[PDB]
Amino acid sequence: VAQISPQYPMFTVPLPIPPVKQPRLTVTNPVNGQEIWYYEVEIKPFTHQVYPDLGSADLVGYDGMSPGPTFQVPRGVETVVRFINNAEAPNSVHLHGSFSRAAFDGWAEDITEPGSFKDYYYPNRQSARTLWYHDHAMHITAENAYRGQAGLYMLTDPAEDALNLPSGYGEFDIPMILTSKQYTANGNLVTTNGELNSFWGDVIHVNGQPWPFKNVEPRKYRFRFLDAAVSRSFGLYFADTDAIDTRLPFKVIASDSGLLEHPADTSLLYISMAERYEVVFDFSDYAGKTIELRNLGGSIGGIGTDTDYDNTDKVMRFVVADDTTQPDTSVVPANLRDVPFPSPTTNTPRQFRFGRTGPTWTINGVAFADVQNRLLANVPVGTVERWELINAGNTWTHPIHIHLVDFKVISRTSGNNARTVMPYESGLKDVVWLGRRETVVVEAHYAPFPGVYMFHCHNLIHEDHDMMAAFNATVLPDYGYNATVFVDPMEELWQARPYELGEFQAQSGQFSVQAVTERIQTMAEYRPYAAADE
């Protein structure tokens, strides 16, 4: 249907690459003698001229940019990130794809008010994967993500580096953060505030830029796709501009949780909110061509309900040179890794229905605001469970996400007989798309940390109103590991703390080297991640 946002100069601005975030300090962990990387991120308002010939857009971002800066962290290095709110609304940071302790996971009520900060302690022990960090503040997650609070966090492993996949952040390893927004006639953002169904957006962005282009060489590139949109799901394909309907083959190498067992030969990639898929595209057969990255219409080929607009079939263009300046020394091995699947279980799947209760998006008829009723599952730590995720609706779709865990997709049924499990769903994931009338069974090891964790739809409008609940990964009282201080996301020890802006700007007082060092060493003594050792 007709674009609402102003006409945009399509494919004229280069694809921006978010800069890599550098830690301020390293602190010796007195428990293990290892260095903890300490980072400071300032959440603040800024403006950005998205439309060349109109006014600016008002944004609020990590370090006053959108997307947020990219973290690049090796497995085995613990990090602490001081997320400092210097904005106008509260925040809660979640590292999506990290088995963080409950009080470092971005529990929706575990907020930082403007003029406060929270220290988040991350383990960085899981399989190499594309994580992302984004806002999770109760009721305002959609608008906080939409106005710019999302960034990438790449967990690296030299074992993955030895596969010789296309490499170098911003060279042949390219972040592809997809959003879908709407703009006013003067080039400001249309707010998601007041939307209670879905905010589709009519302007497609990659790394914060509407409809960009990139100059590429005729060789293989790693693309790290993330759907960071509020409500738009995508069916991605690549096409020569000389045959814009003919899909070109590519390989999917990784899902949310890390590498597939084998690359999946693909010409169409379904990706819904919060899904990461890493793709290798080989431009070598397309020297001197223009390859358009496009998006399936028809509400993602009858799987979704998303509105299509005039230009939401277009994502970006790749202008391919006639030859490479350096040899392509990259490869996509037929065997990528042994995926660490959980044990199969014979236990009766739990059932969760994602539907509506009057006007509210609910799980089993419950809204996250309803403290009394929102704790829908108690699961002993170390248990494997199958969850049957049911979308009985034909007029909504729900990408479902479970915190803490990686899961295997066991089965999909479609009441429209549309599809089953996709080949790129063969590995481990943490989001799965319930298309129209879809039921998906996932199987997950509820390990290794006890605590209260969220699961929800990652359509942020649904999530905000109010399609989110909690599970408690439980332990017996003789279980050690300081569990009494790490099970409760609201534990006073880990709460946000007020700061003076001068202190921050001068790196004095509680931002002195002494104060940060004492704080992180005290945190480290509690040994939050010890139960994941080996």
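Don't overthink the numbering: it's just position in the shown sequence, from 1.
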Of 73-81 and 242-250, the one with larger mean CA B-factor: 242-250
151-159 set against 276-284, stretch whose average Cα temperature factor tops the other in the entry: 151-159
Member of 175, 359, 208, 97 with the greatest C-alpha B factor (per the PDB record): 359
Residue 223 CA temperature factor, ranked by third within the chain: lowest
Within-chain third of residue 471 by Cα B-factor, per the entry: lowest
Residue 267 - Cα temperature factor, lowest/middle/highest third of chain: middle
For residue 200, the third of its chain into which the C-alpha B factor falls: lowest
Among modelled residues of the same chain, the CA temperature factor third for residue 40: lowest
